[PDB]
Amino acid sequence: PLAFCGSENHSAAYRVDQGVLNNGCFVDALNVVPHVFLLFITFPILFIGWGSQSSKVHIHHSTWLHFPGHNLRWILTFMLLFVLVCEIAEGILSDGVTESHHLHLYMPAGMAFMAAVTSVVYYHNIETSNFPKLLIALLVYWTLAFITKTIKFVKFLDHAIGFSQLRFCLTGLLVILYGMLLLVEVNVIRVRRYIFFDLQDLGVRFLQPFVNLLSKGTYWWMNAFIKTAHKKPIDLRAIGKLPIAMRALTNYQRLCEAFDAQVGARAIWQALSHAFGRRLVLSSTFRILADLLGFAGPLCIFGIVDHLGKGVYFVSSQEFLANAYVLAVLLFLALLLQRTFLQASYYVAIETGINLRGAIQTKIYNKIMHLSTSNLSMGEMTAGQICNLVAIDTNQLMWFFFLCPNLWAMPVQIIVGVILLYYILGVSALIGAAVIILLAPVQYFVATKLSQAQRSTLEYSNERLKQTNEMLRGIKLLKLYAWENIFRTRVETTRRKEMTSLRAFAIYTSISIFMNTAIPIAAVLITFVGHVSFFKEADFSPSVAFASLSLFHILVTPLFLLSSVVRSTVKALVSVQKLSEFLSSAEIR
Amino acid sequence: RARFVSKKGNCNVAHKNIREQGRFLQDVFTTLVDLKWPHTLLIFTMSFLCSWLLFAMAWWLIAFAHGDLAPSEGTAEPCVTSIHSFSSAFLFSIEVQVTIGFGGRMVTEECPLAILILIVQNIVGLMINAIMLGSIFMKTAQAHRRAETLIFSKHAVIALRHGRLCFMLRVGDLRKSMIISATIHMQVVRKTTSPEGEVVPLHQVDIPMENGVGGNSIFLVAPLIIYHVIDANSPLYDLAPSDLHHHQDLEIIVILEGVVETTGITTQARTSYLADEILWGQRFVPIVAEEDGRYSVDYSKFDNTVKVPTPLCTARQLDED
Amino acid sequence: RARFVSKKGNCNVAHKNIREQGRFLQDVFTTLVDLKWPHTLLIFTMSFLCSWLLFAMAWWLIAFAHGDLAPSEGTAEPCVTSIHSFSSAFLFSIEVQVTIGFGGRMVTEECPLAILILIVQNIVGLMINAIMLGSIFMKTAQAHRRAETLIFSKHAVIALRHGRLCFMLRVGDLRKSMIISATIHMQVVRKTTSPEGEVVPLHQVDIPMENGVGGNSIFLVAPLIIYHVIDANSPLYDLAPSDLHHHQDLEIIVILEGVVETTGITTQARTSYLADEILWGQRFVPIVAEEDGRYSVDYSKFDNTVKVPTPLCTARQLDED
Amino acid sequence: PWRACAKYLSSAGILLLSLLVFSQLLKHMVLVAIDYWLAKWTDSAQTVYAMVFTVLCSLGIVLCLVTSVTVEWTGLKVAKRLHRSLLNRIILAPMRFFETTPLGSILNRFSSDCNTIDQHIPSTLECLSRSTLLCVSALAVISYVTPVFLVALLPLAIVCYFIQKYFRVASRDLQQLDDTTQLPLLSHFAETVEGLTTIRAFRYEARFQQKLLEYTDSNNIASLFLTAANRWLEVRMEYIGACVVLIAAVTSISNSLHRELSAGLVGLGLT
């Protein structure tokens, strides 16, 4: 016999005896009714607008418009799904000591979860249909859920049970979440005033910067393009035109409007920073919002193998985190959102790199339109050098902007790494982790060595490439005079100058990769011999062992890229030096 | 190659990329009646089960709020008698809304909230009853299903009558019912250009049906010959006999309007004719016989036609003798 | 400046100082169906609660007149069992009128007046049930809401066709339903004077729609071009291209009549066109494509139109070559 | 599976490829041995273990050292040997080949593709070799600790392969689209820098600025769609990369709670 609130003894917990809204299953029953109200309003409306249309009839090609606070509503919805599945887990772990299936711990949270997913689906369907005359159902739903959540919370506080029980802090997070949902609801009321008082989509097939945040994360709009990829292949026709912000000449309107306000390579640097620092710090703030979600891996591992090494009815928060099933589920969700945020950081960094290239190619063209031909004729630059500058140096700038937020978020990741290393292992973590700060100045040493090697190599490659250009152009002279052997000998002289630089470059890169590997494994050797010897034997469990090992692994996993990053930034430095050299050249009066 | 409307009467259109869906939303009723049969059954049972379960949850919440769900009782009446489970409250909401009233579960005058929720449950129960039963009777009473009983020829024919080339086809009833004020609309749908360069994909120009007065209105009892004479201003004036082939930009649609005599509600039967469906130089056989003081018609040989000596050229050159 | 009917279909009239209100009173039914949705809900609940409370007061008065409200009883039956409050009599009237019948409150054959009041309560309960449910189904089944799904162009166009200036606009369906015997009425409404000094504010003179036969009746499946050629007797015969501006005494109303195929009940869609809404020298683009053995139509580009070389003068001077 | 990697490794030398596979495979073996010895060591209940740990660590140090020097030496050898054969082969060619084949293509080889095989193939060779063998060794030891892992390993492998086959045609097509829009921009630059005097004589500056704007628009939108492709494939693959941690956690916790697992092998499999 299944029963709401269960049938423990005489159904004695069904009583209203001390007053209305004084039973916990009663305020759970009041918590039930806004969810089923939302389902029973939404499902006929969601049925009659969409899905009621038949198979032949197809709707609504483009040009939706997002409501204000749409980002905040989706982020609050995602943390709502997280806290509701945590509530479902609390309901499952609650009825472990008691029998006869207390349904008041499951079914409020379950109907809340169904109401949450149907509310966000109804919001998406009314968002792409842009009809604000609806969504007052969402307004009255958020008020109703907020009122019954305040009722349950102040009845938690009336009985004075809190802050160690998961239900209390759970309900507190849920009621401040519902307050934020009512805030974004009345913000949709306040601006875009519709109740009590477009963006250009003509030919565009990109759709990425103006779409709902889940499909911003999952790139779900391109699922249609990959569906049409197993068809006729895609062309520049039906690739669409550019979005206006990511159009060329719009950047470089931004860049010349940063340059005239700038009033030189360092001036180019600082005004490029003024031009694209907003998107760059958005890139790096996605990057540091990631890898702190990455700093839940080792904590979850320590939790699961720390448990595995061993006011009516309640689940305490420490016993909830003692249970390792929910820690595994938390690790799964944390790694899910961590990979999502890392991919988003990658995308917006590559987008601002593409925009950087689209601006500075136009600036190179504006300089080449006013360049005096005296510079081309007398020495310092050739046509091969200019096209070399574009087709290599612009990509060097673009790859440096691909890998800029990684080096911005490197020090933050390693400092939170070493502080969480101090959270376990005691003081010996510092004597095991000082090897990284010991090998940090030799990164600067090999950076200088790599720098001079690359400085030689770019000059030599310019020499060899223009020599190959004149040889391949004057092939007809070269063969008919039979001078190709001595010309190939001169080319091999320049190639020996290449190889004598690339040999030292390769040796120094191998030096840095030897520095890049086995310093973490040297760190775990140092801290593990120095933990079991010369130190007090302070809890060498499997727990802190594998937590420290996974933490060192996740510390050195972003260390192992740094050689390509320092090669890229030195190539970008000599690149922008040659760029500011070319942009400061003579002109036509 | 692609016909406009089917031979059965189904329009082969797509309606791609409709922009405004709010005007779809602002009439839910025509979308409600215009569904498939399992979808209408599903929304019928969905609406009734949704109302019953919602008021079930309301009655169970009332019986929990008064505390009579706890069987530890004194002598006071519950707001609803003999409810001690959610399922019993569901059965009570069943007895209330569809108005059965067994009385083992019945309402006492203790809770005024129970009286109020009974009032609103009865009001929207009567409302949902009126809506759903009228909607399902209008669904079963629409008369596009009557158009299934009005036959046409497979082949329209072109032959001679009164010295003029006419375009004939046969259409008959299958009941002893009537089609009250049965009108005929015959439209030539094809792609044509204007002399001024205006190009239109489907120009629905309509030939007039030759009646005798000119009002396109027939009396369908026997399957009669309806026919349009090809005049000079008719769009069939320059039609070759060799033009009647496949991949020929020509379609003749015949739209029979009227109202069903039995139900009194109106209807429309439609059919198409392509170029390779039209027979040239042929006429229909007589299918009406008279015996036993009545008239007999053989629908088994309804579609048959004979060959007729006919000039093998267009109606334009027929006017030059 | 002030349009006659809206672009949506709403007539901007006032009807000031209507004298006779007794003719309003002598048909309550059309006034009953012609209400707003909250007013119809309010009169629905008002009629049912009024009938229930009136018969509640009647049953309570009977149970007081027989004296069974006083619990000092012998063994005699009350006229209604287990009634001892006004609220219990209200619940009994609820069970009687909507025909639930729990039976805890039921009528014995003691009072003949109770039998008579049960008879009249059942009679007018069936009457009010028939009236209110038929009225609310006719309210939800009227087909002015179907007119929300029949689109028009924002801009009517005037261009050349067959050497003549014609007045074109596009109108299409959004369903795979039909508009049975869809007629078109196009009226020119403007202020004109007679030659004999008779002045009329809104002279609704109607241009004939160019059909091909002359009967204004279309077949709306695809969004077709409906168009009126400007003849000499047409009221657009002396219309300048420069006349199409704001504050110009000209309005074109297009009234689409017909009956909905699904419900079988009839309807009317209407729209307007002002002078500064009409484009001169333009024609509509073709929006019907044919592929996959069917026909496709793009309603996203339904309203688009191209520029056309057109003589920049009135249709009168076009007849002088 | 193309012939180009066969030519690449044949230019690398048999000694160098054997040293490559020995260094890399034994490096992943010595690292997986160091975590296996840690898992066998951390369950205490001297120096029975934890001293071959030190020689194992130093062996891993010198073994990734020799891995690093063999990848840089194969990089230098394919730099020296893909050059000086292409150059001698091109210089002994008939001028019929030069009159037919465009010189811009040949110089684009001599610049860009030698630049790739100098500065990109050793780094990408290392990051391919460091990633893939770590992946397959970790898969092998989650197969060892959790024996029930294979029956869920085959679904993730088959959906990885099928999403890869679903994506590979779009990736190949869009990458070729980015290359064929990469070409005309650079040739427009090369033809503007030559006829600069004529293009300043004609007063045709604004229209050629417009032409470069259209070229850069097309190139930027092709690189943007290739970016969106790579991010979509990577986020689907990392969703699978989260699901594998979910299944490893749930099978290790099912085979630790009512089984024998001794609480260190589960930490190994989870790490």
# chains A, B, ... in the order shown; residues from 1 in each chain; ligands from 1
$ select_by_dssp --residues "region 31-161 of chain C" --states "helix (DSSP H, G or I)" --output "count of residues only"
78
$ interface_residues --of "chain A" --to "chain B" --cutoff "10 Å" --atoms "only C-alpha atoms" --output "PDB file with N, CA and C atoms, in the first residue's frame"
ATOM      1  N   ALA A   3       1.582   5.181  -0.091  1.00  0.00           N
ATOM      2  CA  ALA A   3       0.866   6.196   0.662  1.00  0.00           C
ATOM      3  C   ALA A   3       1.686   7.470   0.679  1.00  0.00           C
ATOM      4  N   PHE A   4       1.023   8.598   0.436  1.00  0.00           N
ATOM      5  CA  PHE A   4       1.631   9.889   0.714  1.00  0.00           C
ATOM      6  C   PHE A   4       1.908   9.987   2.203  1.00  0.00           C
ATOM      7  N   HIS A  10      -0.436   4.230  12.662  1.00  0.00           N
ATOM      8  CA  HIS A  10      -1.818   4.705  12.747  1.00  0.00           C
ATOM      9  C   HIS A  10      -2.135   5.867  11.809  1.00  0.00           C
ATOM     10  N   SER A  11      -1.276   6.124  10.815  1.00  0.00           N
ATOM     11  CA  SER A  11      -1.267   7.342   9.997  1.00  0.00           C
ATOM     12  C   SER A  11      -1.285   8.600  10.864  1.00  0.00           C
ATOM     13  N   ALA A  12      -0.495   8.567  11.942  1.00  0.00           N
ATOM     14  CA  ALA A  12      -0.485   9.637  12.933  1.00  0.00           C
ATOM     15  C   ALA A  12       0.133  10.926  12.419  1.00  0.00           C
ATOM     16  N   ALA A  13       0.944  10.863  11.371  1.00  0.00           N
ATOM     17  CA  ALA A  13       1.560  12.051  10.807  1.00  0.00           C
ATOM     18  C   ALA A  13       0.660  12.755   9.804  1.00  0.00           C
ATOM     19  N   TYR A  14      -0.561  12.266   9.606  1.00  0.00           N
ATOM     20  CA  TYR A  14      -1.545  12.954   8.784  1.00  0.00           C
ATOM     21  C   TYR A  14      -2.277  14.051   9.536  1.00  0.00           C
ATOM     22  N   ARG A  15      -2.030  14.195  10.832  1.00  0.00           N
ATOM     23  CA  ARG A  15      -2.873  15.025  11.673  1.00  0.00           C
ATOM     24  C   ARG A  15      -2.567  16.505  11.498  1.00  0.00           C
ATOM     25  N   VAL A  16      -3.624  17.313  11.581  1.00  0.00           N
ATOM     26  CA  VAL A  16      -3.512  18.760  11.516  1.00  0.00           C
ATOM     27  C   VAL A  16      -3.452  19.377  12.907  1.00  0.00           C
ATOM     28  N   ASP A  17      -3.486  18.540  13.950  1.00  0.00           N
ATOM     29  CA  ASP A  17      -3.792  18.838  15.350  1.00  0.00           C
ATOM     30  C   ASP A  17      -3.213  20.122  15.930  1.00  0.00           C
ATOM     31  N   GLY A  19      -2.264  22.685  14.148  1.00  0.00           N
ATOM     32  CA  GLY A  19      -2.594  23.801  13.286  1.00  0.00           C
ATOM     33  C   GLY A  19      -2.324  23.457  11.839  1.00  0.00           C
ATOM     34  N   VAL A  20      -2.953  24.226  10.950  1.00  0.00           N
ATOM     35  CA  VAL A  20      -2.638  24.138   9.532  1.00  0.00           C
ATOM     36  C   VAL A  20      -1.229  24.661   9.297  1.00  0.00           C
ATOM     37  N   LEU A  21      -0.632  24.225   8.181  1.00  0.00           N
ATOM     38  CA  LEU A  21       0.759  24.500   7.772  1.00  0.00           C
ATOM     39  C   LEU A  21       1.780  24.203   8.874  1.00  0.00           C
ATOM     40  N   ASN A  23       2.344  20.675   9.556  1.00  0.00           N
ATOM     41  CA  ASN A  23       2.850  19.367   9.189  1.00  0.00           C
ATOM     42  C   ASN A  23       3.812  19.496   8.015  1.00  0.00           C
ATOM     43  N   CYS A  25       4.737  17.171   5.752  1.00  0.00           N
ATOM     44  CA  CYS A  25       4.080  16.707   4.543  1.00  0.00           C
ATOM     45  C   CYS A  25       2.951  17.626   4.100  1.00  0.00           C
ATOM     46  N   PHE A  26       2.388  18.437   4.999  1.00  0.00           N
ATOM     47  CA  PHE A  26       1.388  19.398   4.551  1.00  0.00           C
ATOM     48  C   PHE A  26       2.013  20.559   3.795  1.00  0.00           C
ATOM     49  N   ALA A  29       2.699  19.266   0.603  1.00  0.00           N
ATOM     50  CA  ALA A  29       1.509  19.210  -0.236  1.00  0.00           C
ATOM     51  C   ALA A  29       1.182  20.570  -0.829  1.00  0.00           C
ATOM     52  N   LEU A  30       1.385  21.641  -0.061  1.00  0.00           N
ATOM     53  CA  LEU A  30       1.294  22.982  -0.631  1.00  0.00           C
ATOM     54  C   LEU A  30       2.388  23.225  -1.660  1.00  0.00           C
ATOM     55  N   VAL A  32       3.444  20.939  -3.657  1.00  0.00           N
ATOM     56  CA  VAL A  32       3.092  20.156  -4.839  1.00  0.00           C
ATOM     57  C   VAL A  32       2.288  20.997  -5.826  1.00  0.00           C
ATOM     58  N   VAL A  33       1.291  21.728  -5.331  1.00  0.00           N
ATOM     59  CA  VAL A  33       0.267  22.349  -6.177  1.00  0.00           C
ATOM     60  C   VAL A  33       0.742  23.392  -7.203  1.00  0.00           C
ATOM     61  N   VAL A  36       1.980  21.135 -10.396  1.00  0.00           N
ATOM     62  CA  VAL A  36       0.901  20.536 -11.172  1.00  0.00           C
ATOM     63  C   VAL A  36       0.023  21.607 -11.812  1.00  0.00           C
ATOM     64  N   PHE A  37      -0.092  22.787 -11.188  1.00  0.00           N
ATOM     65  CA  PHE A  37      -0.728  23.920 -11.854  1.00  0.00           C
ATOM     66  C   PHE A  37       0.022  24.300 -13.124  1.00  0.00           C
ATOM     67  N   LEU A  39       2.098  22.364 -14.963  1.00  0.00           N
ATOM     68  CA  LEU A  39       1.938  21.314 -15.969  1.00  0.00           C
ATOM     69  C   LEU A  39       0.571  21.384 -16.624  1.00  0.00           C
ATOM     70  N   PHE A  40      -0.466  21.608 -15.832  1.00  0.00           N
ATOM     71  CA  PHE A  40      -1.815  21.510 -16.347  1.00  0.00           C
ATOM     72  C   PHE A  40      -2.251  22.771 -17.071  1.00  0.00           C
ATOM     73  N   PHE A  43       0.795  22.193 -20.610  1.00  0.00           N
ATOM     74  CA  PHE A  43       0.623  21.105 -21.570  1.00  0.00           C
ATOM     75  C   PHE A  43      -0.493  21.299 -22.600  1.00  0.00           C
ATOM     76  N   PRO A  44      -1.683  21.845 -22.290  1.00  0.00           N
ATOM     77  CA  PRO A  44      -2.591  22.182 -23.395  1.00  0.00           C
ATOM     78  C   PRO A  44      -2.096  23.333 -24.246  1.00  0.00           C
ATOM     79  N   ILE A  45      -1.422  24.320 -23.656  1.00  0.00           N
ATOM     80  CA  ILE A  45      -0.923  25.447 -24.436  1.00  0.00           C
ATOM     81  C   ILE A  45       0.250  25.021 -25.308  1.00  0.00           C
ATOM     82  N   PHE A  47       0.646  22.019 -26.323  1.00  0.00           N
ATOM     83  CA  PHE A  47       0.084  21.126 -27.325  1.00  0.00           C
ATOM     84  C   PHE A  47      -0.541  21.912 -28.468  1.00  0.00           C
ATOM     85  N   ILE A  48      -1.305  22.958 -28.142  1.00  0.00           N
ATOM     86  CA  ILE A  48      -2.130  23.630 -29.144  1.00  0.00           C
ATOM     87  C   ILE A  48      -1.328  24.567 -30.033  1.00  0.00           C
ATOM     88  N   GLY A  49      -0.154  25.009 -29.598  1.00  0.00           N
ATOM     89  CA  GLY A  49       0.626  25.893 -30.434  1.00  0.00           C
ATOM     90  C   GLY A  49       1.569  25.134 -31.339  1.00  0.00           C
ATOM     91  N   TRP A  50       2.173  24.076 -30.808  1.00  0.00           N
ATOM     92  CA  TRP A  50       3.217  23.333 -31.496  1.00  0.00           C
ATOM     93  C   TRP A  50       2.953  21.848 -31.316  1.00  0.00           C
ATOM     94  N   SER A  52       0.467  20.418 -32.618  1.00  0.00           N
ATOM     95  CA  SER A  52      -0.839  20.450 -33.255  1.00  0.00           C
ATOM     96  C   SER A  52      -0.740  20.732 -34.743  1.00  0.00           C
ATOM     97  N   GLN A  53       0.270  21.491 -35.160  1.00  0.00           N
ATOM     98  CA  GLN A  53       0.572  21.624 -36.576  1.00  0.00           C
ATOM     99  C   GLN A  53       0.996  20.271 -37.128  1.00  0.00           C
ATOM    100  N   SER A  54       0.590  19.994 -38.356  1.00  0.00           N
ATOM    101  CA  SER A  54       0.701  18.656 -38.908  1.00  0.00           C
ATOM    102  C   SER A  54       2.077  18.446 -39.537  1.00  0.00           C
ATOM    103  N   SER A  55       2.200  17.374 -40.320  1.00  0.00           N
ATOM    104  CA  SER A  55       3.480  16.975 -40.891  1.00  0.00           C
ATOM    105  C   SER A  55       3.928  17.879 -42.032  1.00  0.00           C
ATOM    106  N   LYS A  56       3.011  18.285 -42.911  1.00  0.00           N
ATOM    107  CA  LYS A  56       3.405  19.086 -44.065  1.00  0.00           C
ATOM    108  C   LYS A  56       3.739  20.522 -43.683  1.00  0.00           C
ATOM    109  N   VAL A  57       3.103  21.044 -42.636  1.00  0.00           N
ATOM    110  CA  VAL A  57       3.221  22.457 -42.301  1.00  0.00           C
ATOM    111  C   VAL A  57       4.441  22.674 -41.414  1.00  0.00           C
ATOM    112  N   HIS A  58       5.304  23.613 -41.809  1.00  0.00           N
ATOM    113  CA  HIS A  58       6.545  23.894 -41.100  1.00  0.00           C
ATOM    114  C   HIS A  58       6.642  25.382 -40.796  1.00  0.00           C
ATOM    115  N   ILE A  59       7.116  25.701 -39.595  1.00  0.00           N
ATOM    116  CA  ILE A  59       7.000  27.035 -39.031  1.00  0.00           C
ATOM    117  C   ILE A  59       8.355  27.736 -39.006  1.00  0.00           C
ATOM    118  N   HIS A  60       8.292  29.074 -39.017  1.00  0.00           N
ATOM    119  CA  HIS A  60       9.174  29.975 -38.262  1.00  0.00           C
ATOM    120  C   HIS A  60      10.658  29.768 -38.581  1.00  0.00           C
ATOM    121  N   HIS A  61      11.036  30.198 -39.787  1.00  0.00           N
ATOM    122  CA  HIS A  61      12.412  30.020 -40.248  1.00  0.00           C
ATOM    123  C   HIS A  61      13.416  30.760 -39.366  1.00  0.00           C
ATOM    124  N   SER A  62      13.289  32.076 -39.230  1.00  0.00           N
ATOM    125  CA  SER A  62      14.339  32.824 -38.533  1.00  0.00           C
ATOM    126  C   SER A  62      13.729  34.002 -37.781  1.00  0.00           C
ATOM    127  N   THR A  63      14.609  34.900 -37.341  1.00  0.00           N
ATOM    128  CA  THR A  63      14.312  36.195 -36.725  1.00  0.00           C
ATOM    129  C   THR A  63      13.439  36.059 -35.473  1.00  0.00           C
ATOM    130  N   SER A 129       8.907  32.316 -30.405  1.00  0.00           N
ATOM    131  CA  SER A 129       7.682  32.850 -30.968  1.00  0.00           C
ATOM    132  C   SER A 129       7.420  34.290 -30.558  1.00  0.00           C
ATOM    133  N   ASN A 130       8.240  34.842 -29.653  1.00  0.00           N
ATOM    134  CA  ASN A 130       8.251  36.233 -29.162  1.00  0.00           C
ATOM    135  C   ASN A 130       6.870  36.797 -28.807  1.00  0.00           C
ATOM    136  N   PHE A 131       6.015  36.023 -28.136  1.00  0.00           N
ATOM    137  CA  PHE A 131       4.707  36.526 -27.735  1.00  0.00           C
ATOM    138  C   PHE A 131       4.686  36.808 -26.241  1.00  0.00           C
ATOM    139  N   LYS A 133       2.466  38.349 -24.551  1.00  0.00           N
ATOM    140  CA  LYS A 133       1.120  38.335 -23.990  1.00  0.00           C
ATOM    141  C   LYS A 133       0.855  37.072 -23.185  1.00  0.00           C
TER     142      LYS A 133
END
$ residues_around --residues "residue 111 (chain B)" --least-positions-apart "2" --cutoff "10 Å" --atoms "only C-alpha atoms" --output "ChimeraX atom specification"
/B:62-63,66,77-80,107-109,113-116
$ residues_around --residues "region 234-251 of chain B" --least-positions-apart "5" --cutoff "8 Å" --atoms "only C-alpha atoms" --output "number ranges by chain"
B: 1, 3-4, 188-191, 207, 272-280, 312-316
$ interface_residues --of "chain C" --to "chain B" --cutoff "8 Å" --atoms "only C-alpha atoms" --output "PyMOL selection string"
chain C and resi 45+48+87-88+91+98-104+133-134+136-137+140-141+145-146+148-149+160-163+174+176-177+180-181+211-213+219+221-222+224+261-264+283+286+288-291+293-300
$ closest_atom_pairs --of "chain D" --to "chain A" --cutoff "6 Å" --atoms "only C-alpha atoms" --output "CSV"
residue,atom,partner,partner_atom,distance
D:42,CA,A:542,CA,5.5
D:61,CA,A:518,CA,5.2
D:65,CA,A:514,CA,5.3
D:68,CA,A:510,CA,5.4
D:69,CA,A:510,CA,5.9
D:72,CA,A:506,CA,5.7
D:170,CA,A:229,CA,5.5
D:217,CA,A:248,CA,6.0
D:232,CA,A:219,CA,5.6
D:242,CA,A:336,CA,5.9
D:246,CA,A:332,CA,5.7
D:263,CA,A:309,CA,6.0
D:264,CA,A:542,CA,5.6
D:267,CA,A:546,CA,6.0
D:271,CA,A:550,CA,5.8
$ atom_distance --atom1 "CA of residue 317 (chain A)" --atom2 "CA of residue 163 (chain A)"
8.3 Å
$ select_by_dssp --residues "region 135-319 of chain B" --states "strand (DSSP E or B)" --output "PyMOL selection string"
chain B and resi 150-152+157-161+164-173+179-180+182+184-193+199-207+218+224-229+251-260+266-274+279-280+282-284+288-291+294-297+305-307
$ residues_around --residues "residue 26 (chain D)" --least-positions-apart "4" --cutoff "8 Å" --atoms "only C-alpha atoms" --output "mmCIF file with N, CA, C and O atoms, in the first residue's frame"
data_model
loop_
_atom_site.group_PDB
_atom_site.id
_atom_site.type_symbol
_atom_site.label_atom_id
_atom_site.label_comp_id
_atom_site.auth_asym_id
_atom_site.auth_seq_id
_atom_site.Cartn_x
_atom_site.Cartn_y
_atom_site.Cartn_z
ATOM 1 N N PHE D 22 59.785 2.307 -28.731
ATOM 2 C CA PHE D 22 60.318 1.771 -27.484
ATOM 3 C C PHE D 22 60.245 2.804 -26.370
ATOM 4 O O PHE D 22 59.732 2.506 -25.283
ATOM 5 N N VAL D 30 56.137 2.607 -17.700
ATOM 6 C CA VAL D 30 56.771 2.926 -16.421
ATOM 7 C C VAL D 30 55.897 3.885 -15.614
ATOM 8 O O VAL D 30 55.848 3.793 -14.380
ATOM 9 N N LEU D 63 63.284 8.206 -19.219
ATOM 10 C CA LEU D 63 62.598 7.615 -20.354
ATOM 11 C C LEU D 63 61.720 8.626 -21.083
ATOM 12 O O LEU D 63 61.666 8.614 -22.318
#
$ atom_distance --atom1 "CA of residue 40 (chain C)" --atom2 "CA of residue 139 (chain A)"
25.7 Å
